[PDB]
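What follows is the content of target34.pdb (PDB, C-alpha atoms and all ligand atoms).
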```pdb
MODEL        1
ATOM      1  CA  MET W   1      10.372 -11.466  -3.148  1.00  0.00           C
ATOM      2  CA  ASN W   2       6.960 -11.200  -1.610  1.00  0.00           C
ATOM      3  CA  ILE W   3       4.448  -8.596  -0.443  1.00  0.00           C
ATOM      4  CA  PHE W   4       6.209  -7.888   2.741  1.00  0.00           C
ATOM      5  CA  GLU W   5       9.575  -7.221   1.184  1.00  0.00           C
ATOM      6  CA  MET W   6       7.994  -5.259  -1.515  1.00  0.00           C
ATOM      7  CA  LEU W   7       6.118  -2.892   0.793  1.00  0.00           C
ATOM      8  CA  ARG W   8       9.153  -2.643   3.065  1.00  0.00           C
ATOM      9  CA  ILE W   9      11.004  -1.297   0.098  1.00  0.00           C
ATOM     10  CA  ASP W  10       8.248   1.061  -0.894  1.00  0.00           C
ATOM     11  CA  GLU W  11       7.423   2.445   2.554  1.00  0.00           C
ATOM     12  CA  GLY W  12      10.716   2.368   4.366  1.00  0.00           C
ATOM     13  CA  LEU W  13      10.949   1.949   8.094  1.00  0.00           C
ATOM     14  CA  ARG W  14      10.850   4.745  10.655  1.00  0.00           C
ATOM     15  CA  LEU W  15      10.659   4.353  14.442  1.00  0.00           C
ATOM     16  CA  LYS W  16       9.673   7.865  15.313  1.00  0.00           C
ATOM     17  CA  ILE W  17       6.467   9.582  14.208  1.00  0.00           C
ATOM     18  CA  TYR W  18       6.893  11.281  10.814  1.00  0.00           C
ATOM     19  CA  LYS W  19       4.751  12.936   8.177  1.00  0.00           C
ATOM     20  CA  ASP W  20       4.058  10.983   5.082  1.00  0.00           C
ATOM     21  CA  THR W  21       4.048  12.184   1.469  1.00  0.00           C
ATOM     22  CA  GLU W  22       0.635  13.690   2.025  1.00  0.00           C
ATOM     23  CA  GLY W  23       1.967  15.237   5.294  1.00  0.00           C
ATOM     24  CA  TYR W  24      -0.020  12.889   7.651  1.00  0.00           C
ATOM     25  CA  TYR W  25       1.403  11.432  10.802  1.00  0.00           C
ATOM     26  CA  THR W  26       2.702   7.976  10.247  1.00  0.00           C
ATOM     27  CA  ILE W  27       5.074   5.611  11.896  1.00  0.00           C
ATOM     28  CA  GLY W  28       6.739   2.284  11.215  1.00  0.00           C
ATOM     29  CA  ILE W  29       6.407   0.871   7.754  1.00  0.00           C
ATOM     30  CA  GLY W  30       3.748   3.070   6.374  1.00  0.00           C
ATOM     31  CA  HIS W  31       1.364   2.808   9.263  1.00  0.00           C
ATOM     32  CA  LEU W  32      -0.944   5.839   9.013  1.00  0.00           C
ATOM     33  CA  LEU W  33      -1.835   7.068  12.384  1.00  0.00           C
ATOM     34  CA  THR W  34      -4.272   9.814  11.565  1.00  0.00           C
ATOM     35  CA  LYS W  35      -5.181  12.514   9.060  1.00  0.00           C
ATOM     36  CA  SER W  36      -5.416  15.049  11.794  1.00  0.00           C
ATOM     37  CA  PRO W  37      -2.968  17.918  12.095  1.00  0.00           C
ATOM     38  CA  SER W  38      -2.524  17.398  15.821  1.00  0.00           C
ATOM     39  CA  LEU W  39       0.660  15.768  16.859  1.00  0.00           C
ATOM     40  CA  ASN W  40      -1.066  15.055  20.090  1.00  0.00           C
ATOM     41  CA  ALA W  41      -3.791  13.281  18.480  1.00  0.00           C
ATOM     42  CA  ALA W  42      -1.145  11.297  16.640  1.00  0.00           C
ATOM     43  CA  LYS W  43       0.700  10.308  19.790  1.00  0.00           C
ATOM     44  CA  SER W  44      -2.604   9.259  21.308  1.00  0.00           C
ATOM     45  CA  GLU W  45      -3.515   7.024  18.304  1.00  0.00           C
ATOM     46  CA  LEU W  46       0.007   5.556  18.536  1.00  0.00           C
ATOM     47  CA  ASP W  47      -0.291   4.605  22.237  1.00  0.00           C
ATOM     48  CA  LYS W  48      -3.643   3.126  21.533  1.00  0.00           C
ATOM     49  CA  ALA W  49      -2.163   1.003  18.705  1.00  0.00           C
ATOM     50  CA  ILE W  50       0.844  -0.240  20.697  1.00  0.00           C
ATOM     51  CA  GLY W  51      -0.932  -0.527  23.963  1.00  0.00           C
ATOM     52  CA  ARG W  52       1.595   1.476  25.974  1.00  0.00           C
ATOM     53  CA  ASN W  53       2.813   4.894  26.621  1.00  0.00           C
ATOM     54  CA  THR W  54       5.241   5.289  23.803  1.00  0.00           C
ATOM     55  CA  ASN W  55       6.088   8.883  23.742  1.00  0.00           C
ATOM     56  CA  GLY W  56       6.171   8.872  19.866  1.00  0.00           C
ATOM     57  CA  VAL W  57       8.786   6.222  19.470  1.00  0.00           C
ATOM     58  CA  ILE W  58       8.496   2.414  18.920  1.00  0.00           C
ATOM     59  CA  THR W  59      10.867  -0.473  18.562  1.00  0.00           C
ATOM     60  CA  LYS W  60      11.497  -2.472  15.424  1.00  0.00           C
ATOM     61  CA  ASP W  61       9.552  -5.369  16.692  1.00  0.00           C
ATOM     62  CA  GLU W  62       6.520  -3.214  17.378  1.00  0.00           C
ATOM     63  CA  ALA W  63       6.733  -1.668  13.890  1.00  0.00           C
ATOM     64  CA  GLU W  64       6.827  -5.179  12.322  1.00  0.00           C
ATOM     65  CA  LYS W  65       3.902  -6.189  14.330  1.00  0.00           C
ATOM     66  CA  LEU W  66       1.879  -3.228  13.050  1.00  0.00           C
ATOM     67  CA  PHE W  67       3.063  -4.028   9.601  1.00  0.00           C
ATOM     68  CA  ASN W  68       1.862  -7.613   9.787  1.00  0.00           C
ATOM     69  CA  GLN W  69      -1.524  -6.478  10.965  1.00  0.00           C
ATOM     70  CA  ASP W  70      -1.762  -3.922   8.255  1.00  0.00           C
ATOM     71  CA  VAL W  71      -0.918  -6.357   5.524  1.00  0.00           C
ATOM     72  CA  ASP W  72      -3.345  -8.801   6.806  1.00  0.00           C
ATOM     73  CA  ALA W  73      -6.073  -6.168   7.041  1.00  0.00           C
ATOM     74  CA  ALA W  74      -5.523  -5.062   3.484  1.00  0.00           C
ATOM     75  CA  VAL W  75      -5.852  -8.571   2.124  1.00  0.00           C
ATOM     76  CA  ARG W  76      -8.994  -9.135   4.083  1.00  0.00           C
ATOM     77  CA  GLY W  77     -10.344  -5.826   2.958  1.00  0.00           C
ATOM     78  CA  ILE W  78      -9.863  -6.828  -0.654  1.00  0.00           C
ATOM     79  CA  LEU W  79     -11.516 -10.164  -0.140  1.00  0.00           C
ATOM     80  CA  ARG W  80     -14.440  -8.431   1.442  1.00  0.00           C
ATOM     81  CA  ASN W  81     -14.733  -5.904  -1.340  1.00  0.00           C
ATOM     82  CA  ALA W  82     -17.191  -6.662  -4.131  1.00  0.00           C
ATOM     83  CA  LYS W  83     -15.355  -4.608  -6.648  1.00  0.00           C
ATOM     84  CA  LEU W  84     -11.871  -5.804  -5.677  1.00  0.00           C
ATOM     85  CA  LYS W  85     -12.240  -9.483  -4.919  1.00  0.00           C
ATOM     86  CA  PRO W  86     -12.978 -10.597  -8.433  1.00  0.00           C
ATOM     87  CA  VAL W  87     -10.047  -8.777  -9.718  1.00  0.00           C
ATOM     88  CA  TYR W  88      -7.745 -10.174  -7.145  1.00  0.00           C
ATOM     89  CA  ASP W  89      -8.976 -13.742  -7.689  1.00  0.00           C
ATOM     90  CA  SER W  90      -8.272 -13.436 -11.411  1.00  0.00           C
ATOM     91  CA  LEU W  91      -4.653 -12.443 -10.958  1.00  0.00           C
ATOM     92  CA  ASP W  92      -1.498 -14.481 -10.669  1.00  0.00           C
ATOM     93  CA  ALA W  93       0.463 -14.247  -7.379  1.00  0.00           C
ATOM     94  CA  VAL W  94       2.879 -11.554  -8.399  1.00  0.00           C
ATOM     95  CA  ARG W  95       0.187  -9.307  -9.709  1.00  0.00           C
ATOM     96  CA  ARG W  96      -1.898  -9.897  -6.647  1.00  0.00           C
ATOM     97  CA  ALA W  97       0.966  -8.425  -4.616  1.00  0.00           C
ATOM     98  CA  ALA W  98       0.791  -5.368  -6.836  1.00  0.00           C
ATOM     99  CA  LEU W  99      -2.886  -4.904  -6.056  1.00  0.00           C
ATOM    100  CA  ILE W 100      -2.211  -5.299  -2.346  1.00  0.00           C
ATOM    101  CA  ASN W 101       0.424  -2.603  -2.450  1.00  0.00           C
ATOM    102  CA  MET W 102      -1.943  -0.178  -3.986  1.00  0.00           C
ATOM    103  CA  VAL W 103      -4.652  -0.875  -1.465  1.00  0.00           C
ATOM    104  CA  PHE W 104      -2.278  -0.614   1.388  1.00  0.00           C
ATOM    105  CA  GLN W 105      -1.129   2.737   0.138  1.00  0.00           C
ATOM    106  CA  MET W 106      -4.423   4.189  -0.813  1.00  0.00           C
ATOM    107  CA  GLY W 107      -7.234   2.524   1.023  1.00  0.00           C
ATOM    108  CA  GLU W 108     -10.050   0.682  -0.584  1.00  0.00           C
ATOM    109  CA  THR W 109     -11.929   3.792  -0.724  1.00  0.00           C
ATOM    110  CA  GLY W 110      -9.593   5.628  -3.203  1.00  0.00           C
ATOM    111  CA  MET W 111      -9.647   2.268  -5.050  1.00  0.00           C
ATOM    112  CA  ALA W 112     -12.940   3.283  -6.646  1.00  0.00           C
ATOM    113  CA  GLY W 113     -11.397   5.815  -9.120  1.00  0.00           C
ATOM    114  CA  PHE W 114      -9.490   2.870 -10.532  1.00  0.00           C
ATOM    115  CA  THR W 115     -12.493   1.114 -11.895  1.00  0.00           C
ATOM    116  CA  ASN W 116     -11.441   1.228 -15.489  1.00  0.00           C
ATOM    117  CA  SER W 117      -7.950   0.054 -14.783  1.00  0.00           C
ATOM    118  CA  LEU W 118      -9.256  -2.749 -12.691  1.00  0.00           C
ATOM    119  CA  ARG W 119     -11.404  -3.968 -15.492  1.00  0.00           C
ATOM    120  CA  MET W 120      -8.428  -3.955 -17.842  1.00  0.00           C
ATOM    121  CA  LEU W 121      -6.420  -5.894 -15.315  1.00  0.00           C
ATOM    122  CA  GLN W 122      -9.188  -8.437 -15.045  1.00  0.00           C
ATOM    123  CA  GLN W 123      -9.238  -8.722 -18.788  1.00  0.00           C
ATOM    124  CA  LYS W 124      -5.468  -9.299 -18.697  1.00  0.00           C
ATOM    125  CA  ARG W 125      -4.777  -6.373 -21.045  1.00  0.00           C
ATOM    126  CA  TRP W 126      -1.482  -5.527 -19.341  1.00  0.00           C
ATOM    127  CA  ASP W 127      -0.115  -2.637 -21.386  1.00  0.00           C
ATOM    128  CA  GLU W 128      -3.433  -0.929 -21.664  1.00  0.00           C
ATOM    129  CA  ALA W 129      -3.901  -1.123 -17.971  1.00  0.00           C
ATOM    130  CA  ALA W 130      -0.426   0.213 -17.373  1.00  0.00           C
ATOM    131  CA  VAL W 131      -1.195   3.226 -19.448  1.00  0.00           C
ATOM    132  CA  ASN W 132      -4.577   3.786 -17.829  1.00  0.00           C
ATOM    133  CA  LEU W 133      -3.062   3.377 -14.355  1.00  0.00           C
ATOM    134  CA  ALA W 134      -0.547   6.194 -14.964  1.00  0.00           C
ATOM    135  CA  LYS W 135      -3.216   8.791 -15.712  1.00  0.00           C
ATOM    136  CA  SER W 136      -3.940   9.320 -12.062  1.00  0.00           C
ATOM    137  CA  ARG W 137      -3.201  11.582  -9.259  1.00  0.00           C
ATOM    138  CA  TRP W 138      -1.436   8.618  -7.646  1.00  0.00           C
ATOM    139  CA  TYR W 139       1.072   8.452 -10.448  1.00  0.00           C
ATOM    140  CA  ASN W 140       1.608  12.232 -10.512  1.00  0.00           C
ATOM    141  CA  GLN W 141       2.243  12.440  -6.765  1.00  0.00           C
ATOM    142  CA  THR W 142       4.487   9.353  -6.184  1.00  0.00           C
ATOM    143  CA  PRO W 143       5.775   8.583  -9.638  1.00  0.00           C
ATOM    144  CA  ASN W 144       8.725   6.353  -8.684  1.00  0.00           C
ATOM    145  CA  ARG W 145       6.723   3.993  -6.547  1.00  0.00           C
ATOM    146  CA  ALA W 146       3.860   4.108  -8.958  1.00  0.00           C
ATOM    147  CA  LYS W 147       6.204   3.091 -11.814  1.00  0.00           C
ATOM    148  CA  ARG W 148       7.386   0.087  -9.837  1.00  0.00           C
ATOM    149  CA  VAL W 149       3.797  -1.132  -9.148  1.00  0.00           C
ATOM    150  CA  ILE W 150       2.698  -0.492 -12.697  1.00  0.00           C
ATOM    151  CA  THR W 151       5.700  -2.382 -14.098  1.00  0.00           C
ATOM    152  CA  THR W 152       4.791  -5.199 -11.798  1.00  0.00           C
ATOM    153  CA  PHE W 153       1.303  -5.274 -13.203  1.00  0.00           C
ATOM    154  CA  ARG W 154       2.648  -4.996 -16.759  1.00  0.00           C
ATOM    155  CA  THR W 155       5.168  -7.774 -16.581  1.00  0.00           C
ATOM    156  CA  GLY W 156       4.002 -10.128 -13.856  1.00  0.00           C
ATOM    157  CA  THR W 157       7.602 -10.331 -12.561  1.00  0.00           C
ATOM    158  CA  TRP W 158       9.521  -8.596  -9.722  1.00  0.00           C
ATOM    159  CA  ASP W 159      12.056  -6.976 -11.941  1.00  0.00           C
ATOM    160  CA  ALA W 160      11.220  -3.405 -10.813  1.00  0.00           C
ATOM    161  CA  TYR W 161      12.116  -4.419  -7.405  1.00  0.00           C
ATOM    162  CA  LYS W 162      15.245  -6.377  -8.179  1.00  0.00           C
TER     163      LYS W 162
HETATM  164 CL    CL Y 201      -3.959  -0.459  14.959  1.00  0.00          CL
HETATM  165 CL    CL Y 202       7.596   7.510  -5.282  1.00  0.00          CL
ENDMDL
END
```

Could you show the structure in this file as structure tokens?
Ligand SMILES: [Cl-]
Ligand SMILES: [Cl-]
Amino acid sequence: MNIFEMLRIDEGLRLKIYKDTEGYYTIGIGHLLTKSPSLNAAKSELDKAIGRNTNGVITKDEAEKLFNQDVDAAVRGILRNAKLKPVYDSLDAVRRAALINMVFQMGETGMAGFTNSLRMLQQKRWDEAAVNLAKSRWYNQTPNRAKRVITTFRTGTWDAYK
């Protein structure tokens, strides 16, 4: 198990534009195209991303390519973030994957409301952090996925995914 397999499980794979849990146009493995309500706008962002006229549909290869970029971007984003980096550097490899998944899902920006949890994670207070993580809109909206990530942070193993 690794970050890629883990997100592939959490996000699924779809080759035609779809709306995500928040109802925003997405494609591939969780690749957000835009928060705009315009499907047109969404097809335009997609062609721009793929570099071709796609007509709202991509191949598997293209989705994996977006996915690789997106994972990479998330990691770099973390390393560039003053509030996130220290946390990430303090974690073991499994837990680091858990932090990546969250960022990937939510954006660094939404990462700010998790300040207290982050501190607990840095202090290695696993159960406390697990409890604090669950009091969040994130948990209330996508409870099954949230449970898997939280378990991952709580145990430091991939059991929730196996
Ligand atoms: Cl892109
Ligand atoms: Cl879920």

Exercise. Using all atoms listed in the file, which of the listed residues (W:131, W:100, W:39, W:33) sits closest to ligand CL 201 (chain Y)?
Worked result: W:33

For this session: Go through the chains and note each residue within 12 Å of ligand CL 202 (chain Y), using only C-alpha atoms and all ligand atoms, then give the set as a list in words.
Result: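 Those residues are residues 9, 10, 11, 12, 20, 21, 22, 105, 138, 139, 140, 141, 142, 143, 144, 145, 146, 147, 148, 149 and 150 of chain W.
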
Problem set entry | Protein and nucleic acid residues near (-1.0, 3.0, 5.5) (cut-off 10 Å, only C-alpha atoms) as a ChimeraX atom specification | /W:11,20,26-34,67,70-71,74,101,103-107

Exercise. Within 12 Å of (11.4, 1.3, 16.0), only C-alpha atoms: residues as a PyMOL selection string?
Worked result: chain W and resi 12-17+27-29+50+54+56-67

Problem set entry | Contacts of region 108-123 of chain W within 9 Å, all atoms listed in the file, excl. fewer than 3 positions in-chain, as a VMD selection string | chain W and resid 74 77 to 78 81 83 to 84 86 to 88 90 to 91 102 to 104 126 128 to 133 136 153

Exercise. Between CA of residue 95 (chain W) and CA of residue 6 (chain W), what is the distance, to one decimal in Å?
Worked result: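 So the answer is 12.0 Å.
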
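Considering the residues W:48, W:76, W:85, W:124 and counting all atoms listed in the file, ligand CL 201 (chain Y) has its shortest atom-to-atom contact with W:48.
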
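Relative to CA of residue 75 (chain W), CA of residue 94 (chain W) is found at 14.0 Å.
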
Exercise. So what do you get for CA of residue 157 (chain W) versus CA of residue 97 (chain W), distance-wise?
Worked result: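 CA of residue 97 (chain W) lies 10.5 Å from CA of residue 157 (chain W).
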
Problem set entry | Nearest residue to ligand CL 201 (chain Y) from the set W:99, W:73, W:3, W:134 (distances using all atoms listed in the file) |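 For ligand CL 201 (chain Y), the nearest of the given residues is W:73.
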
Problem set entry | Residue nearest ligand CL 201 (chain Y) among W:24, W:127, W:162, W:51 (counting only C-alpha atoms and all ligand atoms) |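 Looking at the shortest contact to ligand CL 201 (chain Y), the residue is W:51.
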
What's the 12 Å shell around residue 38 (chain W), counting all atoms listed in the file, without same-chain residues fewer than 6 positions away, as a compact mmCIF listing (two decimals) with C-alpha atoms, in the frame of the given file?
```txt
# COMPACT_ATOMS: atom_id res chain seq x y z
CA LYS W 19 4.75 12.94 8.18
CA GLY W 23 1.97 15.24 5.29
CA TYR W 24 -0.02 12.89 7.65
CA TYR W 25 1.40 11.43 10.80
CA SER W 44 -2.60 9.26 21.31
CA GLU W 45 -3.52 7.02 18.30
```

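Considering the residues W:2, W:68, W:55, W:36 and counting all atoms listed in the file, ligand CL 201 (chain Y) has its shortest atom-to-atom contact with W:68.
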
Exercise. Which residue gives the smallest distance to ligand CL 201 (chain Y) among W:40, W:159, W:152, W:46, with all atoms listed in the file counted?
Worked result: W:46

Return as lines of an AutoDock Vina configuration file the box centre and box size in Å, one decimal, for an axis-aligned box around all listed atoms of region 31-36 of chain W padded by 6 Å per side.
```
center_x = -2.0
center_y = 8.9
center_z = 10.7
size_x = 18.8
size_y = 24.2
size_z = 15.4
```
